[PDB]
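So this first bit is one chain, no partners, the form deposited in one PDB entry, shown in structure tokens.
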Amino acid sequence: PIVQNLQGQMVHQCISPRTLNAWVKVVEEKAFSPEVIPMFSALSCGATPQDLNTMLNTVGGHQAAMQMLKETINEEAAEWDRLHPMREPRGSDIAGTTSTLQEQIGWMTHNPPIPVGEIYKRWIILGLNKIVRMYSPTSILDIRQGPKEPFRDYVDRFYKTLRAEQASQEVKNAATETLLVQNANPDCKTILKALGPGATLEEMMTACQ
């Protein structure tokens, strides 16, 4: 990664074993749960394209997801080449396939800087969004409160699935207006319908406690 040194200079640092082990263990434990994408974005802070490729390549399994991610990176690189036809970076130079570390450092520290790392991380995060949305185990329509399930757990699964599906805020709100209340078990559903319209999540969880 490129990091600022105490002398005010932007220098290159080697990716840490702590960070590598972090990303590996996150992909191992959490698979492709939504929270994986924030963590990635947080462990790649200041990363060059080479560091991002390091992080992705150290993943042992999920090779289907990694091939999909490759395809998405190719698509975004082609779009970058269409938009944008010291050397200027191409779609392959941002993805670290045809550029060298010293060139990436040059672009990232140049004035004006050319954030190749942030662009590549953008494409990677897009591919990861697609993979997460595709790997959601259950649809929001089939998230229904079990008969002996606490309401808090039902809403936890409801908004976990809703986060995995990744829809516009209007579709999420629209989902929680009706679909949230209707899928509840008969008891908490009668209580909720007894509450009224436009009740906050806090109020719904309170009534069914």
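Residue numbers here begin at 1 and follow the sequence given. Throughout, rigid core stands for the largest set of C-alpha atoms superposing within 1.5 Å between the two forms. Only residues modelled in both forms are compared.
If you look for the form deposited in another entry, you will not find it shown, but the lines that follow are about it.
With the rigid core aligned between the shown form and the other one, only one of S33, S41, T176, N53 has a CA shift of 2 Å or more: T176. Superposed on the core, the two forms barely differ at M68: its CA moves less than 2 Å between the shown form and the other one. Positional change of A167 between the shown form and the other one reaches 2 Å or more at the C-alpha, relative to the superposed core.
Taking only residues common to both forms and fitting on the rigid core, the CA shifts of 2 Å or more between the shown form and the other one cluster into a single run of 3 or more residues at 167-177.
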